[PDB]
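Have a look at the structure below, then the notes.
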Amino acid sequence: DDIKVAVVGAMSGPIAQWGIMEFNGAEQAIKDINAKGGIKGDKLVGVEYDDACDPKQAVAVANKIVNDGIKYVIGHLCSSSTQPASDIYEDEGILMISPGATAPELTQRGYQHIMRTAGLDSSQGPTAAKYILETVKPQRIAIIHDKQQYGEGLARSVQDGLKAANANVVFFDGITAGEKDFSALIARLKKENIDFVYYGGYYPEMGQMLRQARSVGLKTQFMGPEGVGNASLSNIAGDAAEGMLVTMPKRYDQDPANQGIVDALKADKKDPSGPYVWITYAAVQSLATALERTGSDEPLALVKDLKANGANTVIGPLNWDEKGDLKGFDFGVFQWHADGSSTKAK
């Protein structure tokens, strides 16, 4: 009449400013819910554990939650401590809802008790493609990446979405990440007369390009994935960063509807801006409430109801595929500024 829920994450290595957001999000979650009557009168209590975000610690954590009778795990923060844990959870018929792991493989196995409230990086490719096609509507598009799984992966995605829709992509090329001079690339957008570049990679590269493209006078508009929306971007491109398009999680902290949680957090002296605050709250309110409110105690009856019906969340309405990934989950589009600040885009 006291439902026990495990919250696992790093409350100690160097990743702990990340675990702080999730512990924080979970806690506010059990409180709001038990405050409204809880689960049919029963109350939810959070048992908290340290992962330190370590693969050997993770595995020890999950053994100790098992042989300790908890049935619902709202965790692991890192993709590298989770995987190992998830083997153990599935094994022993224990529910596991990750509020931050994005390794596409967690779900490529057949585990029937593993879910996520976190989005996959690949969902950004399609958000970009749709934005460029619906609202930018540029004339000549060159697509570039940095020869890596991340950057190459996300560029091809966008190139895919862009052609299926018959858009005009001039060239598709790779750059040597670590490169300090893009004068050839830059001379090629001049000549190919390019007006919109989608670049999949990281900030280091993007910053030099932007800096590099603007000194030569290009009017070209740049798009990039979350790896480009870093704080260093402005300490690197300076002004050329201005108006760079980026794909980033939406700011749940700025939803009129979340203003109640935000105040609650400011009040406790906690920072309500971390995304882990929001995707972990979304986790608690789906296991517990969307579902235990289904009458079951049983881990599997629980995943069947969330996969059949959805959770209504702080993070929006959620739907899951039969593999336990979110369906229809999108990242936001943001317009960057020379100051390192960000307006959400048109």
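As shown in the structure tokens, the chain order sets the letters A, B, ...; within each chain, residues go from 1, and ligands are also counted from 1 in the order they appear.
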What are the nearest atom pairs, with distances in Å to one decimal, for all residues of segment 83-144 of chain A that come at most 8 Å from segment 316-339 of chain A, using only C-alpha atoms, set out by chain and rising residue number as CSV?
residue,atom,partner,partner_atom,distance
A:107,CA,A:323,CA,5.8
A:108,CA,A:323,CA,7.5
A:110,CA,A:323,CA,6.9
A:111,CA,A:323,CA,7.6
A:112,CA,A:323,CA,7.4
A:114,CA,A:324,CA,6.2
A:115,CA,A:324,CA,4.4
A:116,CA,A:325,CA,5.8
A:117,CA,A:326,CA,6.8
A:118,CA,A:326,CA,7.5
A:119,CA,A:329,CA,6.5
A:123,CA,A:330,CA,6.4
A:124,CA,A:331,CA,6.2
A:127,CA,A:330,CA,6.7
A:128,CA,A:333,CA,7.6
A:131,CA,A:333,CA,7.8
Writer output for current selection, C-alpha atoms, as a short mmCIF file (atom, residue, chain, number, x, y, z; two decimals), in the first residue's frame:
data_model
loop_
_atom_site.label_atom_id
_atom_site.label_comp_id
_atom_site.auth_asym_id
_atom_site.auth_seq_id
_atom_site.Cartn_x
_atom_site.Cartn_y
_atom_site.Cartn_z
CA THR A 107 15.67 -2.00 -27.82
CA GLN A 108 17.07 -4.07 -30.72
CA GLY A 110 13.38 -8.45 -27.85
CA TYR A 111 13.26 -7.50 -24.20
CA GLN A 112 9.60 -7.23 -23.26
CA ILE A 114 12.42 -2.30 -21.26
CA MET A 115 10.95 1.13 -22.15
CA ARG A 116 12.25 4.67 -22.68
CA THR A 117 11.05 8.25 -22.25
CA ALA A 118 14.21 9.36 -24.01
CA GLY A 119 14.41 10.04 -27.75
CA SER A 123 14.84 11.39 -34.80
CA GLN A 124 16.60 14.70 -35.46
CA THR A 127 12.85 17.05 -37.89
CA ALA A 128 15.49 18.90 -39.88
CA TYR A 131 11.74 22.05 -41.30
#
Set the distance at 6 Å and use only C-alpha atoms: which residues neighbour segment 74-82 of chain A once local chain neighbours fewer than 5 positions away are removed? I'd like the list as a compact mmCIF listing (two decimals) with N, CA and C atoms, in the first residue's frame.
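Writing the result to around.txt gives the following:
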# COMPACT_ATOMS: atom_id res chain seq x y z
N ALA A 6 12.44 2.01 -7.89
CA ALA A 6 13.87 2.26 -7.86
C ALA A 6 14.24 3.36 -8.86
N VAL A 7 15.02 4.28 -8.37
CA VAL A 7 15.57 5.38 -9.19
C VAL A 7 17.09 5.20 -9.11
N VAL A 8 17.67 4.90 -10.27
CA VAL A 8 19.08 4.60 -10.50
C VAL A 8 19.73 5.61 -11.45
N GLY A 9 20.91 6.07 -11.08
CA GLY A 9 21.59 7.05 -11.91
C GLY A 9 22.85 7.44 -11.17
N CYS A 53 27.37 5.74 -12.81
CA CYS A 53 27.42 5.64 -14.26
C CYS A 53 28.57 4.71 -14.72
N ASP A 54 28.71 3.61 -14.09
CA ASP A 54 29.73 2.59 -14.25
C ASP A 54 29.15 1.22 -14.54
N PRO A 55 29.62 0.60 -15.62
CA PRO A 55 29.15 -0.70 -16.06
C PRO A 55 29.23 -1.82 -15.05
N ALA A 58 26.62 -0.73 -12.14
CA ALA A 58 25.28 -0.83 -12.69
C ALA A 58 24.60 -2.18 -12.46
N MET A 96 11.76 -1.69 -16.40
CA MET A 96 12.82 -0.74 -16.63
C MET A 96 12.43 0.30 -17.70
N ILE A 97 12.37 1.53 -17.21
CA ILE A 97 12.05 2.75 -17.94
C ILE A 97 13.21 3.76 -17.90
N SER A 98 13.99 3.83 -18.94
CA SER A 98 15.14 4.74 -19.01
C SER A 98 14.77 6.18 -19.34
N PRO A 99 15.17 7.08 -18.44
CA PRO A 99 14.92 8.51 -18.57
C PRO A 99 16.06 9.22 -19.27
N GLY A 100 17.05 8.51 -19.81
CA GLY A 100 18.15 9.15 -20.50
C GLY A 100 19.01 8.28 -21.37
N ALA A 101 18.71 7.01 -21.63
CA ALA A 101 19.65 6.23 -22.49
C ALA A 101 19.17 6.22 -23.93
N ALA A 103 21.18 4.68 -26.74
CA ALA A 103 21.85 3.61 -27.55
C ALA A 103 20.71 2.90 -28.30
Members of segment 91-282 of chain A assigned strand (DSSP E or B) by DSSP, as an MDAnalysis selection string: chainID A and resid 95:98 114:116 141:145 169:174 196:200 221:224 245:248
Alpha helix (DSSP H) call set, DSSP backbone run, segment 127-278 of chain A, as a PyMOL selection string: chain A and resi 127-131+149-163+183-191+203-215+232-236+259-267+275-278
Nearest-residue call for residue 32 of chain A, choices A:85, A:237, A:184, A:44, using only C-alpha atoms: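 Ranked by minimum distance to residue 32 of chain A, first place goes to A:44.
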Distance of atom CA of residue 245 of chain A from atom CA of residue 223 of chain A, expressed in Å to one decimal place: 4.4 Å
Separation of atom CA of residue 198 of chain A from atom CA of residue 248 of chain A in Å: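 It comes out at 14.7 Å.
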Proximity to residue 41 of chain A - best of A:309, A:234, A:159, A:289, only C-alpha atoms: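 Smallest separation from residue 41 of chain A among the options: A:289.
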Non-local contacts of residue 192 of chain A (9 Å; only C-alpha atoms; under 5 positions in same chain excluded) as a ChimeraX atom specification: /A:140,142,170-171,187
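Residues in contact range of segment 160-162 of chain A, defined as at most 8 Å between only C-alpha atoms, with sequence neighbours fewer than 6 positions away removed, read residues 126, 129, 130, 133, 168 and 169 of chain A.
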For the residues in the current selection, export N, CA, C and O atoms as a CSV table (one decimal), in the first residue's frame.
chain,number,residue,atom,x,y,z
A,126,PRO,N,15.0,13.7,-39.5
A,126,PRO,CA,13.6,13.9,-40.0
A,126,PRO,C,13.0,15.2,-39.5
A,126,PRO,O,12.0,15.7,-40.2
A,129,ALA,N,14.8,17.7,-41.9
A,129,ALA,CA,14.3,17.6,-43.3
A,129,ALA,C,13.0,18.2,-43.5
A,129,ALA,O,12.8,18.9,-44.5
A,130,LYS,N,12.0,18.1,-42.6
A,130,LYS,CA,10.7,18.6,-42.5
A,130,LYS,C,10.8,20.1,-42.3
A,130,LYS,O,9.9,20.9,-42.9
A,133,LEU,N,12.1,21.9,-45.6
A,133,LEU,CA,11.2,21.7,-46.6
A,133,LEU,C,9.9,22.5,-46.4
A,133,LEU,O,9.3,22.9,-47.4
A,168,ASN,N,16.2,20.0,-54.2
A,168,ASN,CA,17.4,20.1,-54.9
A,168,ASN,C,18.7,20.2,-54.1
A,168,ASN,O,19.2,21.2,-53.7
A,169,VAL,N,19.4,19.0,-54.0
A,169,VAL,CA,20.6,18.8,-53.3
A,169,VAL,C,21.8,18.8,-54.2
A,169,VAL,O,22.0,17.8,-54.9
